[PDB]
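Chains as they are written, first to last, in the deposited numbering: chain I, 15 to 59; chain J, 5 to 57. Cβ atoms here follow ideal geometry from the backbone N, Cα and C, with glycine treated the same way.
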Amino acid sequence: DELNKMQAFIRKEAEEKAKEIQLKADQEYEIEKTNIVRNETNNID
Amino acid sequence: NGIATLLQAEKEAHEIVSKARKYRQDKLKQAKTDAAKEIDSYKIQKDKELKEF
């Protein structure tokens with residue numbers, strides 16, 4: 015009902031907030047993986 | 005009721021938002037994989053000099 019809609023909207027807002035957090039964390043992980051790739055290149059070197 | 009139907013639509017929005025998080029994470033992982041190929045190419049270029057030597 016109305017109470018469930020507010021809870022679902024809060025979950026939707028939390029999921030939307032998590033989507034930005036996940037994208038930001040993944041972007042940082044992608045940069046970190048690039049640094050790890052450089053270490054892998056150094057191992058290849 | 006009508007309010008209950010809106011809850012399902014709002015709940016479905018959370019799944020869509022959560023799905024976008026997975027897509028965003030996958031895209032960054034693909035970008036990281038692309039950066040790995042460039043690192044491998046640079047290492048291959050260094051190995052090319054060793055092959056030339």
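Cβ separation of residue i and residue j, assumed to be a contact under 8 Å, to the nearest whole Å
i	j	result
residue 21 of chain J	residue 29 of chain I	4 Å
residue 25 of chain J	residue 21 of chain I	In fact, because the Cβ distance is near 20 Å, the residues do not count as touching under 8 Å.
residue 44 of chain I	residue 32 of chain J	4 Å
residue 59 of chain I	residue 50 of chain J	5 Å
Under 8 Å between C-beta atoms of residue i and residue j
i	j	result
residue 10 of chain J	residue 19 of chain I	yes
residue 55 of chain I	residue 27 of chain J	no
residue 43 of chain J	residue 52 of chain I	yes
residue 14 of chain J	residue 26 of chain I	yes
residue 40 of chain I	residue 34 of chain J	no
Euclidean distance between Cα positions of residue i and residue j
i	j	result
residue 39 of chain J	residue 15 of chain I	48 Å
residue 16 of chain J	residue 34 of chain I	18 Å
residue 36 of chain J	residue 38 of chain I	14 Å
residue 57 of chain I	residue 52 of chain J	15 Å
Residue-chain proximity (residue i, chain I), Cβ-Cβ < 8 Å
i	result
residue 50 of chain J	yes
residue 56 of chain J	no
residue 53 of chain J	no
Buried versus exposed, by CB contacts within 10 Å (16 or more), residue i
i	result
residue 24 of chain I	exposed
residue 17 of chain I	exposed
Closer than 7 Å: residue i CB and nearest the ligand ADP heavy atom
i	result
residue 50 of chain J	Among the components modelled here there is no ligand, and therefore nothing to report on the ligand ADP.
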